[PDB]
Amino acid sequence: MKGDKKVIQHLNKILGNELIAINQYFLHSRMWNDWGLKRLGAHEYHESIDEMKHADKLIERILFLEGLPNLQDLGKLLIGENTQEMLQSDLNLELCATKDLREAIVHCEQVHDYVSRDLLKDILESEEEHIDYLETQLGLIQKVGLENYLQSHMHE
Amino acid sequence: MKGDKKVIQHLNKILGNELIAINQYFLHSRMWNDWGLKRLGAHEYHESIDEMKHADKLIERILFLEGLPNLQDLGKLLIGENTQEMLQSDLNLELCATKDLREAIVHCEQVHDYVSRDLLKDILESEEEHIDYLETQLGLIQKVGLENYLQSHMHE
Amino acid sequence: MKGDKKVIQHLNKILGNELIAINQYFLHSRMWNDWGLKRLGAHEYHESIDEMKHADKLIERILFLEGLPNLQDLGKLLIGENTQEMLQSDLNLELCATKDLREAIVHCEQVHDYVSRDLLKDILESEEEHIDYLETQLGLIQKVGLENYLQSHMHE
Amino acid sequence: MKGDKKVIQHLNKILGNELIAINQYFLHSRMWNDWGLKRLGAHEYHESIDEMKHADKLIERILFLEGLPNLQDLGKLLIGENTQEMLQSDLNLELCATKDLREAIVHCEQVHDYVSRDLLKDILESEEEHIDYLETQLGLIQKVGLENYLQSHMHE
Amino acid sequence: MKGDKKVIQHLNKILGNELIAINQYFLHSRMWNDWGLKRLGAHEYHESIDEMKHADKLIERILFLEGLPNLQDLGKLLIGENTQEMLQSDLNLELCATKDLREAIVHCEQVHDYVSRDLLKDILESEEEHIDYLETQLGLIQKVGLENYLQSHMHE
Amino acid sequence: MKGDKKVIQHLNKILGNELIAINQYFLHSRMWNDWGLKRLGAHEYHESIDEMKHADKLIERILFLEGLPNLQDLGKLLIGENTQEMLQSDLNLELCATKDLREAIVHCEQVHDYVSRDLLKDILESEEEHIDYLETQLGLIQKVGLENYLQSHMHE
Amino acid sequence: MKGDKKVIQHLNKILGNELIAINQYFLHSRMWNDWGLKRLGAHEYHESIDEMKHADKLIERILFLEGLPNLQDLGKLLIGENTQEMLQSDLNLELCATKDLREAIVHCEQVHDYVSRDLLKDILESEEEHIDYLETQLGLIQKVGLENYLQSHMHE
Ligand code: HEM
Ligand code: HEM
Ligand code: HEM
Ligand SMILES: [Fe+2]
Ligand SMILES: [Fe+2]
Ligand SMILES: [Fe+2]
Ligand SMILES: [Fe+2]
Ligand SMILES: [Fe+2]
Ligand SMILES: [Fe+2]
Ligand SMILES: [Fe+2]
Ligand SMILES: [Fe+2]
Ligand SMILES: [Fe+2]
Ligand SMILES: [Fe+2]
Ligand SMILES: [Fe+2]
Ligand SMILES: [Fe+2]
Ligand SMILES: [Fe+2]
Ligand SMILES: [Fe+2]
Ligand SMILES: [Fe+2]
Ligand SMILES: [Fe+2]
Ligand SMILES: [Fe+2]
Ligand SMILES: [Fe+2]
Ligand SMILES: [Fe+2]
Ligand SMILES: [Fe+2]
Ligand SMILES: [Fe+2]
Ligand SMILES: [Fe+2]
Ligand SMILES: [Fe+2]
Ligand SMILES: [Fe+2]
Ligand SMILES: [Fe+2]
Ligand SMILES: [Fe+2]
Ligand SMILES: [Fe+2]
Ligand SMILES: [Fe+2]
Ligand SMILES: [Fe+2]
Ligand SMILES: [Fe+2]
Ligand SMILES: [Fe+2]
Ligand SMILES: [Fe+2]
Ligand SMILES: [Fe+2]
Ligand SMILES: [Fe+2]
Ligand SMILES: [Fe+2]
Ligand SMILES: [Fe+2]
Ligand SMILES: [Fe+2]
Ligand SMILES: [Fe+2]
Ligand SMILES: [Fe+2]
Ligand SMILES: [Fe+2]
Ligand SMILES: [Fe+2]
Ligand SMILES: [Fe+2]
Ligand SMILES: [Fe+2]
Ligand SMILES: [Fe+2]
Ligand SMILES: [Fe+2]
Ligand SMILES: [Fe+2]
Ligand SMILES: [Fe+2]
Ligand SMILES: [Fe+2]
Ligand SMILES: [Fe+2]
Ligand SMILES: [Fe+2]
Ligand SMILES: [Fe+2]
Ligand SMILES: [Fe+2]
Ligand SMILES: [Fe+2]
Ligand SMILES: [Fe+2]
Ligand SMILES: [Fe+2]
Ligand SMILES: [Fe+2]
Ligand SMILES: [Fe+2]
Ligand SMILES: [Fe+2]
Ligand SMILES: [Fe+2]
Ligand SMILES: [Fe+2]
Ligand SMILES: [Fe+2]
Ligand SMILES: [Fe+2]
Ligand SMILES: [Fe+2]
Ligand SMILES: [Fe+2]
Ligand SMILES: [K+]
């Protein structure tokens, strides 16, 4: 089925965001694991897997619409040097991603691509859960202190 | 994540409706049970539990959006004195609730809060099922007669 | 069997205290969950459920005695802004509520409503366990430190 | 142990009431069964078994207190001729029984026989459940009509 | 079905004997239990249950024959003060009961109420088993001595 | 938040009685076991465990009320030299315990400490069971003779 | 056939030490439980049970040797006011106990009561495990800090 070219362009923009998030989260996960903060590593890995699944659904939708998925362009990773920086960088990336998702949903509604809208809404629900996770961890660092927070995320 | 203040105000309005419905339905349930109309009591209890779960989701969403859930303000319960009045009072309350849900959905769409919209749509689907249940019971009272209808709802 | 009018007034007063506690504890529970303090959130949810069950038993007893349960009047919630304030606010509520239970039991005894007395005694046993829980947590904060206490109530 | 002679007199009065209820409810049960109203018959049999178990506990307590259980004196049975009369006669009997139970509890409290008081309170809780059952059935006859009420209690 | 009025009178006489035996044996059972003679108490309870089941069948038959079961008139209980007296009092009661059963069977045969006769014969077989039990226990007291007999019926 | 000072004194008095009974019954148990009267020894051990559990509940209650449990003061043990004396000494001790329990319950009721009252009533129910056990054993010695009574309590 | 009088005196001295430890550790256990330090409370309860089992074995041995177990004389409990004092007071008590055990073993060896010696050696092995437990906890307080130590012993 021949999709709207601007919808396909929006879907490729979302896909591009997923690709940044996959790599940033995977590396953050393996950094936490390397440091012996295995619970943080495992949860960051789970976030990376979520983004892999979002990318998959986007690729499948673009192909159905007769578009060309762009897996070539990888935007800027902002890798942190410590736990607080890593969490904040992830959170900043998620906030950029939801902004793009909302603009893509607007466009899908405008051209009556309600199935793409619903896919993007499902991804946006997941991203807001990611934002909730990351905001909550930064808040816990303040409430229990950094050393305790890290201690609680050492052992799986 | 910092939510739109008018969306949060709409969510608290919906929450307020849930709180009325929880108490009205719980008391109606226990009145039917007290009268020995246990099947009616059990179904009304189920409705009250549905509204408890709606309230829960609304509270969680308001907190995520950095709003303050209002569990203090309880609107007017209209407790019936017999089965027909109790069902009709519930139905009137549901019809008020769906009106508020539609206005809240309009606002979420306007400001691109698509995750809150989808939550409210899910609640609205449940409320229309509640309306269907209550309308159907009032119709059955007409078709089988009040005495038979009550008889059929005595024993679980 | 018509119950004593002042006994029914007392039961409605106890019921009113339960309705305050249901909402305050439910909101405190969801606040703790929102902050990622899930062990605190779960325990507070089970306190809320306990009060819901108290309210149910009182409603059933009032109806049996041919009184009108009052679910319309909701007294003042006191929502804390951090863990210490939330625990202290719950403790304030419980201490005020047990004072009313004792006065209600006195009245039941005076008019020989021994079944209502035993119901209120069972609720009072639960409220003193709730007081014990709350006082103990506040004491643990003093013994292990606030940051450690919150750490220990982060993960379920 | 040597019980208070007036307490033993109260316990024998309660036992006397149980013996009336056992026989009245057993006969009402078998009359309902005879008429093909088997659900009514089964519930009335259950009430009769409850009173047998009350009598057993009272006999045991009287003997422990070195009293003589009185199973010789059987008071007045009032056997109804139709369902409404039978239920109302049972209800009248239960209301007489609770009046005697409250006077007995007063006396146990006066002489500090707290264990006998707790037994009598357990019996009283059961009789108030019996009263609730009987009142509820009389109310259902009004709400669903006598013919429907009987129909619903034909088949087990 | 319309029973013979003299047969119904006989059945009510048998029922009257059952009602005496129920109460006498239940009290003897609880006296033996009170004394710590639990095997004697359990067997006497079993005898009491047998008489309850006899009474039930007689009530059912009387009602089928369109008679009025008489549970109002309770004849003389003869409660013993020690084991030998209790057993002998039960035995005396059983011998009175079989005398009445034989006269009732004669009358059933005379008027061709063969189904009532067979019920009464089944009851009589049970009473002769009861007589055998009681006679045997009195004989064992002579053969093993009273102290040994009681010792053997202390523990269940 | 403290209990009533005189209630705490009563609870410590009850606790003192438990501590006497624990030690007296444990030694009596082990004397019976040493003599080869293992069924008596096992039952007496069970009585001692009951008193340990009573003491535990009292200690927990005193601490909740912010009293100081007194485990220092051990009153007079009266150890018997043979089975009859041991049983009688236990019985005398239980009768002193129930006297103190009734005085403590009066006080709890007076100051509206209804949870302490219910705890003491539960302990009192258990002590009256203990009295029943002891009185019954002494009575069995009379009915079956001492040698037979001891014989029946040799083997478990 | 009697044990040595001075061996029996030593065994009663060891028994006296057990009785102190039972009560001291049981109260310390219930204080820790009351404070919400349930893992400390559970371990201390376990220590108290060990001492109850030691006392049982000593009572059995004394009775076999035809001595009189002394459960009347309770020496001085030293109840701590906080975790460090409670642990230290337990440790001081264990060190007194092992001193008396070694003197008792010397005496058993001197008079060739090798079975009493082996029993006391088994108790001594257990007391040195108790000492190891207590010393290790005090050392952990130093290594992890008091607040962390207490935190780690809050939850079971
Ligand atoms: C009149 C006030 C209320 C009464 C008497 C009441 C009663 C109950 C009862 C009896 C249950 C079942 C508990 C059990 O058996 O475990 C229940 C479930 C529940 N209630 Fe309430 N309730 C009240 C109000 C509320 C409110 C105001 C909220 C939240 C804002 C709430 C949240 C819940 C939740 C989340 C459940 C669990 C439902 C499930 O099974 O998923 N309730 N309620
Ligand atoms: C002093 C009066 C009586 C006492 C204390 C007494 C006591 C009892 C008790 C304790 C049970 C066992 C109930 C249970 O544990 O579920 C029982 C069973 C029963 N009783 Fe009675 N009873 C009395 C008189 C009667 C009478 C007068 C009747 C009928 C006319 C009757 C009919 C029955 C029947 C049919 C059962 C069930 C037996 C079975 O099949 O297991 N009882 N009774
Ligand atoms: C302050 C006084 C005491 C208290 C509060 C106390 C408490 C307890 C409790 C709660 C139990 C567990 C019972 C159960 O749950 O079944 C127990 C077990 C036991 N107690 Fe005590 N106790 C006390 C004194 C004693 C004394 C003085 C002795 C012996 C001289 C003793 C001997 C025993 C024995 C043999 C057990 C069973 C241990 C096992 O499980 O193998 N107790 N105690
Ligand atoms: Fe590694
Ligand atoms: Fe997830
Ligand atoms: Fe994503
Ligand atoms: Fe295709
Ligand atoms: Fe666009
Ligand atoms: Fe979808
Ligand atoms: Fe994401
Ligand atoms: Fe590790
Ligand atoms: Fe592990
Ligand atoms: Fe009811
Ligand atoms: Fe549903
Ligand atoms: Fe709802
Ligand atoms: Fe948040
Ligand atoms: Fe709006
Ligand atoms: Fe959704
Ligand atoms: Fe609804
Ligand atoms: Fe029914
Ligand atoms: Fe059913
Ligand atoms: Fe969350
Ligand atoms: Fe609980
Ligand atoms: Fe409550
Ligand atoms: Fe009612
Ligand atoms: Fe009052
Ligand atoms: Fe109760
Ligand atoms: Fe509470
Ligand atoms: Fe404090
Ligand atoms: Fe975590
Ligand atoms: Fe987990
Ligand atoms: Fe029939
Ligand atoms: Fe029942
Ligand atoms: Fe009864
Ligand atoms: Fe007795
Ligand atoms: Fe009286
Ligand atoms: Fe009780
Ligand atoms: Fe009753
Ligand atoms: Fe049928
Ligand atoms: Fe059936
Ligand atoms: Fe007994
Ligand atoms: Fe049999
Ligand atoms: Fe019979
Ligand atoms: Fe018939
Ligand atoms: Fe005849
Ligand atoms: Fe037959
Ligand atoms: Fe018989
Ligand atoms: Fe025994
Ligand atoms: Fe047995
Ligand atoms: Fe032995
Ligand atoms: Fe027991
Ligand atoms: Fe006790
Ligand atoms: Fe406390
Ligand atoms: Fe006092
Ligand atoms: Fe209780
Ligand atoms: Fe006791
Ligand atoms: Fe043997
Ligand atoms: Fe054996
Ligand atoms: Fe506690
Ligand atoms: Fe151990
Ligand atoms: Fe020891
Ligand atoms: Fe010996
Ligand atoms: Fe020595
Ligand atoms: Fe050994
Ligand atoms: Fe030790
Ligand atoms: Fe905790
Ligand atoms: Fe746990
Ligand atoms: K820590």
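Residues numbered from 1 in each chain as written, not as in the entry; some residues may be left out. Chains lettered and ligands numbered in written order. Part of a larger assembly, values for the part shown. Heavy atoms only, no water. Residues with missing side-chain atoms left out of burial classes, pairs and counts.

Observations regarding a negative patch on the surface
Residue and element names in this part refer to chain B.
Inference 1: On the surface, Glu 125, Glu 129, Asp 132 and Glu 135 cluster together to form a negatively charged patch.
Inference 2: You can see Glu 125 is positioned in helix α4 (residues 114-144).
Inference 3: Taking the relative accessible area as the measure of exposure, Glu 125 reaches 44% and is therefore partly exposed. (Patch = residues over 30% accessible without salt bridge, like charges linked within 9 Å, V, L, I, M, F, W, Y side chains within 5 Å. Areas by Shrake-Rupley, 256 points an atom, 1.4 Å probe, with all protein chains shown as cover. Salt bridge = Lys/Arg side-chain N within 4 Å of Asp/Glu carboxyl O. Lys, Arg positive; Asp, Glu negative; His and termini not counted. Charge placed at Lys NZ, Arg CZ, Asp CG, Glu CD. Helix = DSSP H or I, 4+ residues; strand = E, 2+ residues; numbered from the N terminus. Buried < 20%, exposed > 50% of the residue type's maximum accessible area, 1.4 Å probe, protein only.)

Some thoughts on the relation of the copies chain C and chain G
Inference 1: Note on the copies: chain C fits chain G at an RMSD of 0.2 Å, the axial shift is 0.0 Å, and the rotation between them is 90 degrees. Expressed as an axis order, the relation between the two copies is that of a four-fold axis. In terms of C-alpha distance to the rotation axis, chain C has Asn148(C) as its closest residue, with the C-alpha 5.2 Å off the axis. (Least-squares fit on C-alpha atoms.)

Structural notes on the interface of chain C and chain G
Inference 1: In this complex, chain C contributes eleven residues to the contact, which on the side of chain G involves ten residues.
Inference 2: Contact between chain C and chain G buries roughly 960 Å² in total, counting both sides, with carbon and sulfur atoms accounting for 54%.
Inference 3: The largest contributions to the chain C side of the interface with chain G come from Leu140(C), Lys143(C) and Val144(C), which together make up 47% of the buried area.
Inference 4: For the pair chain C and chain G, the number of links is zero salt bridges.
Inference 5: At the junction of chain C with chain G, the criterion picks out seven residue pairs in polar contact.
Inference 6: Partitioned by chemical class, the residues of the side of chain C that touches chain G number three nonpolar, six polar and two charged. (Contact = heavy atoms within 4.5 Å. Buried area = accessible area lost by both parts, 1.4 Å probe. Polar contact = N/O pair within 3.5 Å; in protein donor to acceptor, adjacent residues only side chain to side chain. Nonpolar A, V, L, I, M, F, W, Y, C, P; charged D, E, K, R; others polar.)

Side note on the site of ligand 3
Inference 1: In the neighbourhood of ligand 3, 20 residues make up the surrounding shell, with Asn23(F), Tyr45(F), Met52(F), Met52(G) and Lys53(G) lying closest.
Inference 2: In this structure, ligand 3 sits where chains F and G come together, each supplying nearby residues.
Inference 3: Top element by residues in the shell around ligand 3 is helix α2 (residues 38-64) of chain G. It accounts for six residues.
Inference 4: Split by residue class, the shell around ligand 3 holds 16 nonpolar, two polar and two charged. (Near = heavy atom within 4 Å.)

Focus: the UniProt feature "binding site: Fe(2+) Fe1" in chain A
Residue and element names in this part refer to chain A.
Inference 1: UniProt feature "binding site: Fe(2+) Fe1": in the numbering of this structure it lies at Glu 18, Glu 51, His 54 and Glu 127. Maximum C-alpha separation among the annotated residues is 10.4 Å over a sequence range of 110 residues, consistent with a single clustered spot.
Inference 2: Structurally, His 54 is set in helix α2 (residues 38-64).
Inference 3: The contacts of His 54, once residues within four sequence positions are left out, are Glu 18, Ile 123, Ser 126, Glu 127 and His 130.
Inference 4: Here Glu 18 takes part through its side chain, which lies 3.5 Å from a polar atom of the side chain of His 54.
Inference 5: Mapped onto the elements of the fold, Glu 127 is located in helix α4 (residues 114-144).
Inference 6: Leave out the neighbours within four places in its chain, and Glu 127 touches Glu 18, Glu 51, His 54, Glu 94, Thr 98 and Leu 101. (UniProt positions renumbered as here; feature names shortened; annotations may be inferred.)

Things to note about empty space enclosed by the protein
Inference 1: What the largest cavity holds in volume is close to 190 Å³.
Inference 2: Taken together, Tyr114(C), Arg117(C), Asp118(C), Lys121(C), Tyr114(D), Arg117(D), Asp118(D), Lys121(D), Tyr114(F), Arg117(F), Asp118(F) and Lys121(F) form the lining of the largest cavity.
Inference 3: Those elements giving two or more residues to the lining of the largest cavity turn out to be α4 (114-144) of chain C, α4 (114-144) of chain D together with α4 (114-144) of chain F.
Inference 4: In terms of residue class, the lining of the largest cavity is built from three nonpolar, no polar and nine charged. (1 Å grid on protein atoms, 1.4 Å probe; cavity = no way out; pocket = protein on both sides within 12 Å on 5 of 7 lines; lining within 4 Å. Points joined across faces, edges and corners; volume = space filled by probe spheres on them.)

A few points about the packing of aromatic side chains
All names here are of chain A.
Inference 1: Tallied over the entire structure, the rule returns seven aromatic pairs over all chains.
Inference 2: Seen in terms of ring centroids, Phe 26 and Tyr 45 are 6.1 Å apart; in terms of plane orientation they differ by 65 degrees. Their pairing is edge-to-face. Highlighted residues: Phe 26 in helix α1 (residues 5-34) and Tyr 45 in helix α2, separated in sequence by 19 residues. (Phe/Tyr/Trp six-rings, centres within 6.5 Å; stacked < 30°, edge-to-face > 60°.)

Things to note about the site of ligand 1
Inference 1: Lining the immediate environment of ligand 1, one finds 20 residues, of which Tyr45(B), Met52(B), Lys53(B), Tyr45(C) and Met52(C) sit closest.
Inference 2: The residues that come close to ligand 1 belong to more than one chain, namely chains B and C.
Inference 3: Those elements giving two or more residues to the shell around ligand 1 turn out to be α1 (5-34) and α2 (38-64) of chain B together with α1 (5-34) and α2 (38-64) of chain C.
Inference 4: Looking at which element gives the most residues to the shell around ligand 1, the answer is α2(B), with six residues.
Inference 5: Residue composition of the shell around ligand 1, by class: 16 nonpolar, two polar and two charged.

Quick word on the relation of the copies chain E and chain D
Inference 1: Laying chain E over chain D is done by rotating through 180 degrees and shifting 0.0 Å along the axis; what remains is an RMSD of 0.0 Å. Interpreted geometrically, this transformation is the action of a two-fold axis. Across chain E, the smallest distance between a C-alpha and the rotation axis is recorded for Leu74(E), namely 3.4 Å.
Inference 2: A high fraction, 100%, of the interface residues of chain E reappear at the interface in chain D, so the copies pair face to face through one surface.

Section: the arrangement of the chains
Inference 1: Among the eleven pairs of chains that make contact, the interface with the largest number of contacts is formed by chains D and E.
Inference 2: Note that chain A does not reach chain D: the shortest distance linking a C-alpha of one to a C-alpha of the other is 50 Å.
Inference 3: The two partners chain B and chain G share no contact, and the minimum distance between any of their C-alpha atoms is 28 Å.

Focus: the interface of chain E and chain D
Inference 1: Contact residues are listed per partner, giving 18 residues for chain E and 18 residues for chain D.
Inference 2: Together, the buried faces of chain E and chain D total about 1,700 Å²; carbon and sulfur atoms form 61% of this surface.
Inference 3: When the buried surface of chain E facing chain D is broken down by residue, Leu63(E), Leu71(E) and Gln72(E) rank first, second and third, together holding 31% of it.
Inference 4: Where chain E meets chain D, there are four salt bridges.
Inference 5: Put simply, chain E and chain D have eight residue pairs in polar contact between them.
Inference 6: Taken together, the elements giving at least two residues each to the side of chain E that touches chain D come down to α1 (5-34) and α2 (38-64) of chain E.

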